[PDB]
Structures are given as structure tokens and as C-alpha cells.
Amino acid sequence: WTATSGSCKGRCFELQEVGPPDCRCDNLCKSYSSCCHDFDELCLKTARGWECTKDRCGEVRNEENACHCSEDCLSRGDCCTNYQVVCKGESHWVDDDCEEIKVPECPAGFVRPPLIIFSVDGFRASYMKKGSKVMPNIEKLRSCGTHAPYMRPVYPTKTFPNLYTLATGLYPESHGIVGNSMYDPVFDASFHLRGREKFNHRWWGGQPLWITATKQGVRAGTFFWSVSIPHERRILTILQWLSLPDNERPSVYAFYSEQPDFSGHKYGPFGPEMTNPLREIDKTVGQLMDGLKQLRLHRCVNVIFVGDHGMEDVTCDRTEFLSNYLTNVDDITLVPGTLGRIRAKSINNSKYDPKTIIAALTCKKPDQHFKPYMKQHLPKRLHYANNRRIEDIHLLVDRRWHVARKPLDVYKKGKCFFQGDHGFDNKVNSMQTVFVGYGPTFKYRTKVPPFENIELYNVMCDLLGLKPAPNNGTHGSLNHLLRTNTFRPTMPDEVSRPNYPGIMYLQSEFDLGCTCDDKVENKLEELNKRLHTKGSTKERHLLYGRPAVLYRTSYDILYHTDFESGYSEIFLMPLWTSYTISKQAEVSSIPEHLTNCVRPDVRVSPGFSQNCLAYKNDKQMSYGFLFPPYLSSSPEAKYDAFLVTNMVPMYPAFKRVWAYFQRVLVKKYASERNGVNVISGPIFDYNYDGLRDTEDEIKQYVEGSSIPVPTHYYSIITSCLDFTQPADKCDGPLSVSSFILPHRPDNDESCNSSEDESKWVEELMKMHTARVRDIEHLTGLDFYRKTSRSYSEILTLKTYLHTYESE
Ligand SMILES: *[C@@H]1O[C@H](CO)[C@@H](O[C@@H]2O[C@H](CO)[C@@H](O[C@@H]3O[C@H](CO[C@H]4O[C@H](CO)[C@@H](O)[C@H](O[C@H]5O[C@H](CO)[C@@H](O)[C@H](O)[C@@H]5O[C@H]5O[C@H](CO)[C@@H](O)[C@H](O)[C@@H]5O)[C@@H]4O)[C@@H](O)[C@H](O[C@H]4O[C@H](CO)[C@@H](O)[C@H](O)[C@@H]4O[C@H]4O[C@H](CO)[C@@H](O)[C@H](O)[C@@H]4O)[C@@H]3O)[C@H](O)[C@H]2NC(C)=O)[C@H](O)[C@H]1NC(C)=O
Ligand SMILES: Cc1nnn(Cc2cc(C(F)(F)F)ccc2CCC(=O)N2CCC(CCS(=O)(=O)c3ccc(S(=O)(=O)/N=C/N(C)C)cc3F)CC2)n1
Ligand SMILES: [Ca+2]
Ligand SMILES: [Ca+2]
Ligand SMILES: [Cl-]
Ligand code: NA
Ligand code: NA
Ligand SMILES: [Zn+2]
């Protein structure tokens, strides 16, 4: 109930929300059906429109008017945004030459530069270039301020997850808005764009920017706008708030536009009908900037122009139907469209079996346009699993396609209407969106590389002098956007220091069931090999310092001619293995006599070693090596690669992948990049939280042993950004690509896996591309500790994702 008999007189667009049953006058009151009876009359004036004309200049103030052109309007803060242009001979902001904003030029009484977030729904990244002729205000912001070529959204590339990520710095799995539609099995409640459940605060986790601000004494405008409030009124409202007394005036504001998304769905991303929405958004930006100029705030305020996601061509004829694959289609519930999420229709149906559903949806049609996954098997870069609102079965849909349950869902929602959609994998080029920063705190005429939207919350906090709530950004990685207010972090402290074991065990102390034909024998070279075991080549293979271990454990550094490792006594394998392969390196074979060779490591106790008998007995499990024997520097050095301390458990299906990577791709990358440094290792994430498992979280061991089975294998592949310098003699910035491969007992993910590995392995690896930061979370290791480069530059490097998309 709402007693709508209260009044909005003196309350239009009030900032504090008054509680039920009292009636509301805030910018969301319409969405709750809660506005006071006179809200439209008093707060949504439209009389005479949005622009001054020559005949209105110096008029007598008429309070019915939407905006004012009377002499008093500037002091009242309610002039039409073109008032000074029409009535005082001033220029529009867009017609003024760009001039660097070296310091904030703010009115007296401003404690900090305000921040205005100008958010646009469905604003695809390529609109900045492709629409530039029709968007002169936006183009001035972009060219004179700080811009990225694109900004990466979060998956799913839908509106509610992305706007909330922008607000919080959190992945959807952590903030809880995992889709525009959701079922929470604990609440037994459904969240939908239509209806009232979405207003319940229990859905919305983390701490959004407006709350972070308010808790730290920084006043915030209300970010949300009911759809019926015209954009001109949203801008005039912000400009009015900026005219409030110092003790009442907010420091942070958001504008939101439903365009160009609304038209994009109807017309496709580049339909000819899209020009007009882009023009109208640009006009709105011009109103804001002219309005700020009138208030002498255009060189005071920091402006962010930012999108939530892009827009792809999608039509209803490009729909896959689950009814063509499943006999049991009426026993499932599907969340459909540009992603799929499947659960049982009834929790009482004991016949429901996810394994059978997955198999029925796997590689069944030659050009099949979706791929099913258990959520823990999704690419780790999506960070889309650790929430009870995310169904176990997920369908990753190809760009340009939909999935639906039955055809009647698509023609009873007899043809269709729409030409655009979004939601796909967040590395897809059509899903990328925009970022521009303009103001005293941003840099001048500066391009920055693409970055992820999870990073922006920290920067918005920096811009307002706020301490960010705990989030998934890497604070510092966007310092290069800012003139001032940079955040200067310190590297994390190493928690566990390594042991450096020497030769401590005799061969006969080992009873591991291993064998090797290595009984083949010099003072010159005996000293030389001792030096290699003491670390004499470590400078070549450990180029950026050893990784730091950020948790309590027991591990050993092991040195070798061709590679260095940090060997875990607890997990009985390396945490990391580091090696450098020059451009001129030669690939060799595993010699016949060493095919099944595994050698005890006399530096490491039998008790802290793997054993070969476990692998013989485990009929499902084989092994591979972290440092590849194919890339040994010499036949004598190759023996090091068969140490038991370089062995890791691998399913035979996975060994196909790993062997191709090691034998073919590493050398290819070294040839292309002028040497590479590789750091490889295991990952254990049995609870799919994106974080390193403790020992007691491990669900699978090599049969009969205490050898834990990794859920994934990573590699970090680093070289010189200036590829005219070899990786091992690089003077400047670095270049990286990484992956986190799922350690699966089949290659069902790869529909062409019966073919030669040259036709499918690299496609797999691209799908499982990763940031170094992702590997850091999953391992508790901290990389790049010892470089010549600034720490903030290294943080940027660690957040890089190699996406493998064209320009
Ligand atoms: C991305 O950034 C974020 C933010 O930094 C990282 O997320 C954090 O990760 C931590 C580890 O997973 C996690 O720490 C736990 O916090 C528990 C207290 O949590 C509440 O309070 C916080 C603070 O206000 C609040 O933010 C939380 O919000 C979550 O839950 C609500 C629902 O109540 C949601 O609305 C909200 O969206 C959010 O959900 C997300 O996180 C939860 C986990 O908290 C997930 O389950 C959801 O799916 C969703 O992802 C909470 O309201 C605290 O109780 C935990 O302590 C247990 O574990 C430690 C291990 O160190 C152990 O020592 C303790 O004894 C304790 O164990 C006991 O409870 C166990 C479980 O019942 C039981 O098994 C044991 O036997 C013990 O009795 C823990 O410290 C932190 O909350 C989240 N924060 C957020 C915002 O998500 C995230 O990791 C980053 N991601 C990556 C990839 O880097
Ligand atoms: C999602 C989401 N997450 N964060 N935001 C805010 C935001 C953040 C940022 C950025 F970049 F800075 F981060 C820019 C612009 C905005 C404003 C978006 C806006 O005006 N919109 C129009 C209203 C619409 C639906 C509202 S509703 O579902 O009916 C509803 C839903 C929920 C609520 S609520 O209960 O108040 N939500 C509370 N929390 C904690 C988010 C109200 C509501 F009306 C959303 C789009 N939106
Ligand atoms: Ca959107
Ligand atoms: Ca984990
Ligand atoms: Cl296979
Ligand atoms: Na085996
Ligand atoms: Na396959
Ligand atoms: Zn949309």
C-alpha cells in the first residue's frame, strides 16, 4: 500500500527514499508505482520543451516551464542547457577547441571534483569509429580525454549483470546478479525483469559505488532512472543537484540511457535505423556538457562515458531447439536465448540425470551452434560457476545464434521481429563496449589498452577518494588512465620461504616401482653439472624472479640445466616450473631407451615423491612432464626431464593436448615471439570458486596413492613486447599470453578431436585463454616479482587477456 495523497512540492527528485506507506518523489518512484499524486505536474514539467529560443531570452519566470530562459535561471540552476548559447552569445561546448585540463577548475565550496557516469545500454565498441561523424560531442570526449579502443564486459553479456559489475567491481558469480532472469533454490524465488521480486535487496550482493560513497561520507545522487523520465529531464535533474548547497550536493552521479540497446534489438547493431539513436545520445551528451559549461563545471567534473555490452546480429531463424536433441524435453527448464541454463522441471523427478542430458547435447549435429558444459568445465576466464543461482548445466551459444526449448517458444512470444541480441561469451568482438574518461583527473589525448569492466569500480573509488570494498579488480592496473589519485600498491609479502635441498638420498632408498635406462657415465663436466644443480643457469630460465608463495606450505626449489621448479612436498609435484626457449632452440624426441623412464630425485625424500606403481595400477590415469623433454638443450640434460619431481598426473585424453602444446606449439611461439619464457603448473579447483584449493578440498587422487589430481593445467608464456629483442635480453615492456586448460578424461569438448591435433588443440587452448591474475587466484602464487618495470605496469600485464579475435 502507498498513501499517494502526500505531495512532491519541494521534493522533486529527492535523494533520500521515504518509506512506505508515504508517497515517493525520487527518480525510481514510477517503477514502484509509488509516486505522489502531483509528481507528474510538479516534477515532469514539459511545457515549452527543452531549448531556449531568442524570443524567451530574459523572459519573466513561469514556473510551469520545463526549463528556464529568464535572467534568474543560472542562480536557480534550472536554465535550459542551451541558455547561454541562445541568450548570451556563448558557444556550445562541442565547438570549443580542446584544452588540457591540468588541474580541477571548480567553484568555491567544491571539496573534490564530482564524478558523472554517463552509461549507455548496448553501445557496441565499434560505434565509436563507425558512428563518429554523427556523434561530435562523444568524439570530442574520446579524442580529448582518455579512451580505450574497447572495454570487455563480464559474462553473461546482459544488462543487469554488467551494470551491477560496473557498480561493484565484482564478477556476477560473486555479486549474485548472474542473469537478467534467475531462480534461487535457497530462497525458492525467481528474479525477472518484469515484476516485484527484483526489488528485494537479498538478490544484490557486494557493495555498489553509491553505498561505498555514502558509508565514507561522500554524498551520491540516485543512479537509477524510471524508464518514463525523458533523458532531457534526467540531465536537468543532475544539473539541478549540482547547484545544491555544499552540504547537500552529491559528488557522484549516474545518467542511464536505454539506447542504443532498445533500437539495436529491433534493427541489428548496424541497421540503418541505428543512426538516429546515436545522434540522439550525442545530443544528450551535448546538453550535459553545455549545462556543465553554464555552471562553470566543464573543467571541474570527471565524466565517464561507458557501456554495459555490445550487440550482435541475431534473428529467430538462427535458433537451435532442444526438442531436436532431447526425448525428455518436457522434464527440463531452460533459461533460453544467447546462453542456455538447464535444470530439472521437478525436483521430485528421480529419473532426471544431467549426464544423460549433456551426452544428448554433445556434438550431435555437424554445424551445431551451441556447446554444453557442466558449469565447472566452462572456461575459467568466464568466472561463471560459484553461485547457487547458476544452473549446473550451461550452454555456450555461438555468436549470432539462440537456443530455445521448443519451436513454439519462438513463434509464440508466424514470424519474428528482432534483429539484434547480446549475452554471448565476453571475448566475442560484437559484445565489446566503450570507455572514455574526460576531466581533470584523467589524462589528456591518451589511448589506453583495452581492459575489463571489473576494474572500473576501483578507479571510480580513486576518483572520489574512497577506499574500495573488496572486489575483483586489481587495484593499480588502471593507474595509467589517471593524471593524479593513482593507487600505489605494494607487492604482497611471501608467506612461505623455500627449502633448497642438496643431494640427500641414495637411489636404493626409493621403492617407487619406477625404472629408467640411465646407467651411462669426467671432472670437467661433473663440476659443470653440479653447478647447474646449484642454480648456475637460473638467470636464463627464471627471468622475472621466482614466484612468491602467498600461503603456508612446505616446498623446495629445484634447479636444473634447462628448467627451475618449486616442488610441493604436500601436493607431491611442482607448483610451478619455469624455462626459457630461445628462437633458435631445437626440438628433439623422447629417445627410445627413455620412453618409460622415471628417475628418483636424490634431493627429495621417497616419502615426498610420486611413484610409478600408482600409475600402473590406475587404469584411467597416465602421466606427463611439466618441463618438456622435447626441448632439452642436450642429450645429457634431457635426463633431468624424466625426474619423478617433474612428473604430473594426466589422463591419456589430456596428454594428447599437452604433448602437442609441448612438442609443437612452444617452439612455434618461440619462433614467432623471438624466444619465450614459460611457467607451467597444476591447478586444483574442485569447488569451482576460482581460488586455490587446500589439501582437504581435493576430490580425486591417483588410485591408491596420495597424489592429488589437478583440475586444470596452466602455462604463462612471456616474451619482449619489442620482438626485435630476445625474451632473455629484453630492456622494456613485456608481452604475455596464458591458458588454464581443463584436465578432462575425454575430449568431448572438441567435436573434431578424432582428427590430427593440428586441427583442434590450438582452438581448445584459445577458448581457455587466461589472465595471469586468474592463475594467481587459482594457485596462490605471485608472478613477475623481479623485473625492471613499474609495479602498476606489471599489474596491467597480469590483467591482460589474449582474446584471439580479429581487430
Ligand atoms: C572476487 O572478489 C570477492 C570479494 O573479495 C571474493 O569473494 C569473497 O571470497 C571469500 C572466500 O570465498 C568470502 O569469504 C567468506 O566470507 C564469509 C562471510 O560472508 C558474508 O559476509 C560478506 C562480507 O559482508 C559478504 O560479502 C558475503 O556475501 C556473499 O553471500 C551473500 C549471501 O549471504 C550474497 O548476497 C553475496 O552475493 C555473496 O555471495 C558470494 O559469496 C559467497 C561466499 O561468501 C558464495 O557462496 C556465493 O555463491 C557468492 O559467490 C556474505 O554475506 C565467511 O563466513 C567465510 O568463512 C568460512 O570459510 C573460512 C575459510 O577461510 C573458514 O576459515 C571459516 O571458518 C568459515 O567456514 C565456516 O563456514 C563454512 C561454510 O558454511 C563451513 O563449511 C565451515 O565448516 C565453517 O563453519 C569466508 O571468509 C567472501 O565473503 C567473498 N565475498 C563476496 C562479496 O563474494 C571472490 O573470491 C573474488 N573472486 C576471485 C575469483 O578472486
Ligand atoms: C542493474 C543495475 N545495477 N546497478 N545499476 C545502477 C546503475 C549503475 C551504473 C554504473 F555504471 F555506474 F555502475 C550506471 C547506471 C545505473 C542505473 C541503471 C538504471 O537506471 N536502470 C533503469 C532501471 C533498471 C531496472 C531497475 S529495476 O530492475 O526495476 C530495479 C532493480 C533494482 C532496484 S534496487 O533494489 O534498488 N537495487 C539495489 N541494488 C543494491 C542494486 C531498483 C529497481 F528499480 C536498471 C537500469 N543498475
Ligand atoms: Ca544492456
Ligand atoms: Ca577452490
Ligand atoms: Cl581423445
Ligand atoms: Na595408468
Ligand atoms: Na571429441
Ligand atoms: Zn539488450
Side-chain angles (χ1 to χ4, degrees), residues 154-155 161 164-165 167-178 182 184-187 189 191 200-208 211-212 215 358-359 362-364 366 368 371-372 375-391 452 454-455 457-458 467-475 550-552 620 622 650-660 683 685 687-694 696-697 740 742-757 759-761 763-764 767 770-780 798-799:
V154 282
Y155 185 78
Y164 204 55
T165 285
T168 61
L170 293 166
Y171 299 120
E173 70 178 3
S174 293
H175 65 55
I177 309 304
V178 307
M182 312 178 266
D184 183 311
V186 170
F187 303 161
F191 180 109
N200 194 316
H201 289 187
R202 71 187 170 176
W203 294 92
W204 302 85
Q207 192 185 88
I211 303 294
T212 305
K215 290 205 204 279
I358 297 287
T362 298
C363 309
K364 292 290 144 92
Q368 182 172 315
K371 185 179 300 301
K375 63 182 185 167
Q376 69 268 27
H377 291 152
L378 286 167
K380 301 294 273 175
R381 64 185 169 79
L382 299 177
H383 294 284
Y384 197 75
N386 185 212
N387 198 291
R388 72 202 183 205
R389 298 163 190 173
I390 301 167
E391 288 75 1
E452 300 189 333
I454 60 172
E455 301 300 332
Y457 173 78
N458 284 330
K467 180 180 187 175
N471 72 88
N472 305 125
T474 294
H475 202 173
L550 310 185
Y551 59 99
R552 183 66 260 159
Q620 307 315 303
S622 184
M650 291 189 174
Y651 291 116
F654 190 74
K655 289 175 62 183
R656 295 182 67 197
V657 173
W658 190 248
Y660 188 74
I683 277 162
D685 194 20
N687 63 354
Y688 52 86
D689 66 358
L691 309 171
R692 175 196 57 95
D693 286 357
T694 57
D696 66 356
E697 296 178 322
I740 301 162
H743 182 213
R744 289 185 52 182
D746 57 67
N747 289 296
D748 289 357
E749 188 179 356
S750 296
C751 295
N752 292 322
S753 65
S754 67
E755 300 173 41
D756 186 70
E757 286 85 355
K759 308 301 188 216
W760 64 272
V761 167
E763 168 180 340
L764 183 64
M767 184 59 31
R771 311 176 305 144
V772 173
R773 201 84 180 92
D774 296 325
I775 293 163
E776 293 188 337
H777 301 316
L778 283 159
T779 64
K798 293 180 170 188
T799 66

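Scope of the values below: all heavy atoms of this structure, side chains included, with no hydrogens, waters or symmetry mates. Just follow the structure's listing: the first ligand is 1, and inside any ligand the first atom is 1. Quick note: residue numbers are just sequence positions, from 1.
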> For atom 35 (O) of ligand 1, which candidate among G205, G176, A469 provides the closest heavy atom?
Replying inline: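 Comparing heavy atoms across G205, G176, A469, the nearest one to atom 35 (O) of ligand 1 lies in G205.
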
>> Regarding atom 12 (O) of ligand 1: of the candidates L691, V186, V178, which has the closest heavy atom?
In response: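 Nearest heavy atom to atom 12 (O) of ligand 1 lies in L691.
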
Quick test of your reading of the model: are [X] and [Y] salt-bridged, counting only N-O distances below 4.0 Å?
{"X": "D756", "Y": "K759", "result": "no"}
{"X": "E757", "Y": "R656", "result": "yes"}
{"X": "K380", "Y": "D685", "result": "yes"}

> Can you list the atoms of ligand 1 that are under 4.0 Å from a heavy atom of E173?
Replying inline: 49 (C), 50 (O)

> Which atoms from ligand 1 have a heavy atom of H175 less than 4.0 Å away?
Replying inline: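 Contacts of ligand 1 toward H175, numbered from 1: 37 (O).
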
Using a plain distance cutoff, I'd like to know if [X] has any nitrogen or oxygen under 3.5 Å from a nitrogen or oxygen of ligand 1.
{"X": "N472", "value": "yes"}
{"X": "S174", "value": "yes"}
{"X": "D689", "value": "no"}

> Is the closest side-chain donor-acceptor distance between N472 and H777 under 3.5 Å?
Replying inline: no

> Without hydrogens or angle criteria, can the side chains of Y457 and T212 be said to hold a donor-acceptor pair below 3.5 Å?
Replying inline: yes

> Looking only at protein heavy atoms, which one is nearest to atom 5 (O) of ligand 1, and how far off is it?
Replying inline: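 Checked against all protein heavy atoms, atom 5 (O) of ligand 1 sits closest to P470 CB, 3.5 Å.
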
>> For atom 47 (C) of ligand 1, what's the nearest protein heavy-atom neighbour? Residue, atom name and distance, please.
In response: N386 O, 3.9 Å

> How would you list, by chain and number, every residue that makes a side-chain hydrogen bond (donor to acceptor under 3.5 Å, both in side chains) with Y660, sequence neighbours excluded?
Replying inline: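 Not a single residue meets the side-chain hydrogen bond (donor to acceptor under 3.5 Å, both in side chains) criterion with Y660.
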
>> Test of understanding: with side-chain hydrogen bond (donor to acceptor under 3.5 Å, both in side chains), list the residues that count as partners of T362, not counting sequence neighbours.
In response: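 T362 satisfies side-chain hydrogen bond (donor to acceptor under 3.5 Å, both in side chains) with no residue once adjacent residues are dropped.
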
> Under 4.0 Å from ligand 1, counting heavy atoms only, is it the side chain of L170, its backbone, both or neither?
Replying inline: side chain

> Just wondering, are more than 12 heavy atoms of other shown residues or ligands nearer than 6.0 Å to CD in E697?
Replying inline: yes

> Counting heavy atoms not belonging to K364, are there more than 12 under 6.0 Å from its NZ?
Replying inline: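 Counting other residues, nucleotides and ligands, NZ of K364 exceeds 12 neighbours.
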
> Hey, does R389 have a side-chain heavy atom less than 4.5 Å from the side chain of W203?
Replying inline: yes

>> Quick check on atom 74 (O) of ligand 1 - does any protein heavy atom sit closer than 4.0 Å to it?
In response: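 Looking at atom 74 (O) of ligand 1, one finds that no protein heavy atom lies closer than 4.0 Å.
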
> Which atoms of the protein, restricted to N, O or S, are nearer than 3.0 Å to the Na ion (ligand 7)?
Replying inline: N747 O, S750 O, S753 OG

> What pairs with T474 under side-chain contact (heavy atoms from CB on, under 4.5 Å), at least two apart in sequence or on another chain?
Replying inline: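 Residues passing side-chain contact (heavy atoms from CB on, under 4.5 Å) with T474: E455, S477, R773, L795, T799.
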
